[PDB]
Amino acid sequence: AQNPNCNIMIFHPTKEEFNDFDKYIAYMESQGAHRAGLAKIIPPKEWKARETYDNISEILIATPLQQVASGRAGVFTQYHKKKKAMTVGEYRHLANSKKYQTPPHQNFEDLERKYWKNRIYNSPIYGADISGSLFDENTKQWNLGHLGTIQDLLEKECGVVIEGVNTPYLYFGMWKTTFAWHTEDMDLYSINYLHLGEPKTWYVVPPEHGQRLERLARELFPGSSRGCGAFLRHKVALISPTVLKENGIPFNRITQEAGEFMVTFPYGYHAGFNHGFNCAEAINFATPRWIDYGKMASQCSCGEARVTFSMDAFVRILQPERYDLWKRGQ
Ligand SMILES: Cn1nn[nH+]c1CC(=O)N[NH3+]
Ligand code: NI
Ligand code: NI
Ligand SMILES: [Zn+2]
């Protein structure tokens, strides 16, 4: 078996290898990459996502979200408070202000220490789930707006045509903005490209051990667990690496820098934080190997995690017994 310790693998495709997206994901899996839950892909030196980022300041962030924490430093939840609209240029200036800017630090380890020590005491603002793309139309390789759609994958694999679409999203981050522990909707894959700015640190549990994280989360967030059998789908819970280690949860960590892709694999729980002002683009995707994960994916039906109407068909087709109850959630 490849990659038995479930380490995060890093890939360096050549420009020839970067032509066929699906073929390369399959190659990474052949080497055991999915066992970690997460992989890093560094693009060939000849590739570029777009010519410059000099003209992105007028993009609007319609609903910036202030991420307010409750709990303790290593075990906390966050809720999102809506703020007034601001442009990307306005947001950048805010992220760089004295109130929000990254503190002085020695290296990524020292900043990680400061994140986990002090996160709960601040409420950073972030731009999320902004439909759009910053890839140039003429970037032909690994353009996140041009990948096979999940609908088309389901049709190709299972024979039925369904409604829905699958487009990318933009994320604007600042120091301490946080992504809570979760898997993707329907336990899909994700791909994430860090366009511009400061890094993003990631934490990931191997898919084979996801239920260990779930069990710990039910112990650490008992009221939430009583409220919903799939509360992690609410995307509000954080557990620090120190608490994970104390509890024996297998995980790994890695820092993504601008110009790098990260791929999350089905049922790979992940969480993380931004080092400073940055912009990422992400989209969910499927492969044939996903179908079995989508059939088994847990669902939130308490109401709290509402999602894409594109997800309706996936539940309807892959999980017909659950459909009725889930549809009520939405
Ligand atoms: C969103 N996003 N963009 N880059 N990284 C992320 C975090 C994530 O949860 N991806 N699935
Ligand atoms: Ni396009
Ligand atoms: Ni994710
Ligand atoms: Zn729920």
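Here the Cβ positions follow ideal geometry from the backbone for every residue, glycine too, while neighbour counts run over all protein chains shown. Taken together, the values in this text are just the output of simple stated rules run on the coordinates, not laboratory data.
Just need a number here: residues in the stretch 240-282 that are surrounded by 18 or more Cβ atoms within 10 Å (Cβ to Cβ), among the aliphatic types (A, V, I, L, M) and closer than 29 Å to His146 by Cβ.
6
State whether the residues of the stretch 283-292 include one that is within 25 Å of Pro124 (Cβ to Cβ) and in contact with a strand residue (DSSP E or B) (Cβ under 8 Å, 6 or more places away or on another chain). Give the derivation first.
Within the stretch 283-292, the first condition is being within 25 Å of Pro124 (Cβ to Cβ), and the residues that meet it are 283-284.
Still in the list and also in contact with a strand residue (DSSP E or B) (Cβ under 8 Å, 6 or more places away or on another chain): 283-284.
Looking through the stretch 283-292, at least one residue is within 25 Å of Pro124 (Cβ to Cβ) and in contact with a strand residue (DSSP E or B) (Cβ under 8 Å, 6 or more places away or on another chain).
Among the candidates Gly71, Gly173, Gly159, single out the residue that is away from ligand 3 (no atom under 16 Å from the Cβ) and surrounded by 14 or more Cβ atoms within 10 Å (Cβ to Cβ). Lay out the reasoning, then the answer.
Details: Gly173 fails: away from ligand 3 (no atom under 16 Å from the Cβ); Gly159 fails: surrounded by 14 or more Cβ atoms within 10 Å (Cβ to Cβ).
That would be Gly71, the only listed residue that is away from ligand 3 (no atom under 16 Å from the Cβ) and surrounded by 14 or more Cβ atoms within 10 Å (Cβ to Cβ).
Quick one: how many residues across the stretch 157-214 are farther than 24 Å from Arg35 by Cα and without any contact (Cβ under 8 Å) to a residue 60 or more places away in the chain?
Qualifying residue count for the region: 2.
Out of all the residues in the stretch 174-191, is one or more over 20 Å from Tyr293 (Cβ atoms), of a type in the set (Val, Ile, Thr) and more than 16 Å from ligand 4 (Cβ to nearest atom)?
Yes: one or more hits.
Every residue in the stretch 221-239 that is of a type in the set (A, V, I, L, M, F, W, C), buried (at least 20 other Cβ atoms within 10 Å of the Cβ) and touching a residue at least 60 places away in the same chain (Cβ under 8 Å), please.
Once the filter is applied, which keeps residues that are of a type in the set (A, V, I, L, M, F, W, C), buried (at least 20 other Cβ atoms within 10 Å of the Cβ) and touching a residue at least 60 places away in the same chain (Cβ under 8 Å), the stretch 221-239 yields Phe221, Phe231, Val236, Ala237, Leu238, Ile239.
Assess whether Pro124 counts as being over 26 Å from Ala62 (Cβ atoms) and away from ligand 3 (no atom under 16 Å from the Cβ). Break it down into steps so the answer makes sense when it comes.
On the way: over 26 Å from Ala62 (Cβ atoms): no; away from ligand 3 (no atom under 16 Å from the Cβ): yes.
So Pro124 does not fit the description; no.
Determine which member of the set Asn247, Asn252 is within 23 Å of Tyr293 (Cβ to Cβ) and more than 16 Å from ligand 4 (Cβ to nearest atom).
On the way: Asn247 fails: within 23 Å of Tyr293 (Cβ to Cβ).
Criteria check complete, one pass: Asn252.
Given the criterion among the acidic types (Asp, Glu) and closer than 25 Å to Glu219 by Cα, identify the matching residue among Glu281, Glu246, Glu260, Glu321. Don't jump to the end; show me each part of the working.
On the way: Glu281 fails: closer than 25 Å to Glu219 by Cα; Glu260 fails: closer than 25 Å to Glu219 by Cα; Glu321 fails: closer than 25 Å to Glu219 by Cα.
After ruling out the rest, the residue left standing is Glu246.
Considering the stretch 129-146 alone, what residues qualify as being surrounded by fewer than 18 Cβ atoms within 10 Å (Cβ to Cβ) and under 20 Å from the mean Cα position of the chain (by Cα)?
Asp129, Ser131, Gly132, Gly145, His146 - these are the residues of the stretch 129-146 that are surrounded by fewer than 18 Cβ atoms within 10 Å (Cβ to Cβ) and under 20 Å from the mean Cα position of the chain (by Cα).
How many residues are over 25 Å from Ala271 (Cβ atoms) and without any contact (Cβ under 8 Å) to a residue 60 or more places away in the chain when one looks only at the stretch 18-43?
Final tally of qualifying residues: 5.
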